[PDB]
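Descriptive structure summary
Below, each chain spelled out in residue letters.
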Amino acid sequence: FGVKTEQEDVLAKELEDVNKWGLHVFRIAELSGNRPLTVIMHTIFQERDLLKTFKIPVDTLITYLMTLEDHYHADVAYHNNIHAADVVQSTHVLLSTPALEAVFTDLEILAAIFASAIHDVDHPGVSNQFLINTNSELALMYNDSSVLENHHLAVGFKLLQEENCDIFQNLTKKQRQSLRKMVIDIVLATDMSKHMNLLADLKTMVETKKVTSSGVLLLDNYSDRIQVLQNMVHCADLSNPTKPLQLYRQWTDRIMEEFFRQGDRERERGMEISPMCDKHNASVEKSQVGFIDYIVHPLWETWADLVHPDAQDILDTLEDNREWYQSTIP
Ligand SMILES: COc1ccc(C2=NN(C3CCN(c4nc(N)nc5sccc45)CC3)C(=O)[C@@H]3CC=CC[C@H]23)cc1OC
Ligand SMILES: [Mg+2]
């Protein structure tokens, strides 16, 4: 009657780590009754004063968040609400990096966080190539182009039309158009087929880096501003190997479960089994070292250069984890 239950109090204590890399997100999922995305989003919105800035009624925010979280599939091992919550929270920490202090507007911040929250929504647990090759409805709907990522956007935005779900109801049309475009640009950039171009552009930006007289980055056009936000959410999406090993390993188990399940479906149907998806011919450990060497380390090393030296502990953790996995390959 006015005061928190005890479970709620334990949850609130865990949520004091919301500004830290290494938040116990799985623990938060258990303590919130499988509402990690709702509670983490709500905490971040309060912390960054987004409800007041964007005149978001609190009941509307909570209704939307619960609705959004309910459209992540609980029967999907990796691409579920816990992953969404993790990417949100990691984006939130990245946005607070000292090298970006006062760089981004409140609308850009809103965009990056909202994008993170909706980015994998209604994910079926299989890849774009799988959807294309099976002639699935999603693939037909999006003419085989960034199928899943188009769908995540569409669902994220459509859910705003459910009863008391329109969290953007008080924004002007100009704010809504700008928000929408940024969100679209960010989520589409989460398709791994875009990774090499995103990284090439991030490298170019590091090579031509300009800093303000405060020492933070100078980003004076939309293209550079959106590029940084796109890479930031992409870093968050690829942040698992940079976390404390206990967290990383859980993510690895989850992604492997998801991939192996896809592989079983491919094998059942006589399709070629996708990379890392064959449980009879897999090395989990070699796959992780490969993932780090070819994808995650080149990205995070370049991000670390951009924000030097803010990401040094993250990069050190990544390199330790890489060595750990390497040492378990027989
Ligand atoms: C915890 O461990 C993981 C978490 C997530 C993933 C994902 N992986 N990929 C792709 C990455 C490239 N992939 C590779 N393929 C091949 N042949 N070689 C290689 S070497 C280098 C990789 C690689 C395919 C999957 C996705 O698109 C997911 C959706 C969005 C972002 C990342 C997600 C992966 C994890 O661990 C492997
Ligand atoms: Mg995705």
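Thresholds applied
A chain's residues are numbered here from 1, following its sequence as written, a convention that may not match the entry; residues for which no coordinates exist are omitted. For naming, the first written chain is A and the first written ligand is 1, with later ones following in the order written. Heavy atoms throughout the structure, all of them, feed into the side-chain values; hydrogens and water do not. Every helix listed is a DSSP run of H or I at least four residues long, and every strand listed is a run of E at least two residues long, numbered separately from the N terminus. Burial classes: relative accessible area under 20% of the type maximum marks a residue as buried, over 50% as exposed, and values in between as partly exposed (1.4 Å probe, protein chains only). By the counting scheme adopted, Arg and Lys are positive, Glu and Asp are negative, and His together with the chain ends is not counted. Any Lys or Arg side-chain nitrogen found within 4 Å of a carboxyl oxygen on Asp or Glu counts as a salt bridge. We define a polar contact as two N or O atoms separated by no more than 3.5 Å, with the added condition that, inside protein, one atom must be a possible hydrogen donor and the other a possible acceptor, whereas residues neighbouring each other in sequence contribute only through side-chain atom pairs. The contact definition used throughout considers only heavy atoms, calling two residues in contact when any of these lie within 4.5 Å. UniProt positions are given in the numbering used here, feature names are shortened, and annotations may be inferred rather than shown by experiment. Expected helix span is given by 1.5 Å per residue-to-residue step, counting one fewer step than there are residues. Inter-axis angles, ranging from 0 to 180 degrees, are taken between N-to-C directions of lines fitted to C-alpha atoms, where helices are fitted over the stretch in contact. Oblique is the label for any angle not under 35 degrees, not over 145, and not in the 65 to 115 range, which are roughly parallel, roughly antiparallel and roughly perpendicular in turn. By convention, the crossing between two helices is left-handed when the near helix turns anticlockwise from the far helix through less than a right angle, and right-handed when the turn is clockwise. Three classes are used: nonpolar for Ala, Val, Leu, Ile, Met, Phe, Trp, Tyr, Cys and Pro, charged for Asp, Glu, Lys and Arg, and polar for all others, with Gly counted as polar. As used here, the term nonpolar core means buried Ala, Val, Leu, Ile, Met, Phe, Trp, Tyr and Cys residues forming a set that is joined through side-chain atoms within 4.5 Å.

**A look at the side chain of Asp 191**
Here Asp 191 shows up in the loop between helix 11 (173-188) and helix 12 (195-207). Of the side chains with opposite charge, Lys 194 comes closest to the buried, unpaired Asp 191, at an N-O distance of 4.7 Å. Side chain to side chain, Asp 191 and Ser 146 meet in a polar contact 2.5 Å long. In this structure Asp 191 touches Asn 128, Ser 146 and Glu 149, once residues within four positions along its chain are discounted.

**So, the UniProt feature "binding site: Mn(2+)" in the protein chain**
Per the UniProt record, "binding site: Mn(2+)" is annotated on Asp 120. Here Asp 120 is to be found in the loop between helix 7 (106-118) and helix 8 (128-133). Judged by relative accessible area, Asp 120 falls into the buried class, the value being 6%. With residues up to four places along the chain from it excluded, the contact list for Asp 120 reads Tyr 72, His 79, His 83, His 152 and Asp 237.

**Details of helix 12**
Across its 13 residues, helix 12 extends 18 Å between first and last C-alpha, which sits within 8% of the 18 Å expected from 1.5 Å per residue. Considering only its buried residues, helix 12 is in contact with helix 13 (222-237) and helix 15 (284-306).

**Some points on the packing of helix 6 (residues 81-95) against helix 13**
Here helix 6 crosses helix 13 at 130°, and the two axes come no closer than 8 Å. Considering their axes alone, helix 6 and helix 13 lie oblique with respect to each other. When you trace helix 6 past helix 13, the crossing you get is right-handed. Two secondary-structure elements touch here, helix 6 through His 83, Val 87, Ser 90, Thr 91, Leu 94 and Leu 95 and helix 13 through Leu 229, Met 232, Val 233, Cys 235, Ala 236 and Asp 237. Of the residues belonging to the contact of helix 6 with helix 13, the class tally is eight nonpolar, three polar and one charged.

**What about the nonpolar core?**
Formed by 98 residues in total, the largest nonpolar core has its most connected members in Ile 40, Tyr 64, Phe 104, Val 183, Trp 300 and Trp 303. Setting aside residues no more than four positions away along its own chain, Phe 104 makes contact with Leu 95, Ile 109, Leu 219, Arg 225, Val 228, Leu 229 and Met 232. Within the second largest apolar cluster, seven residues are counted, among which are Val 126, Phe 130, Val 147 and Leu 148.

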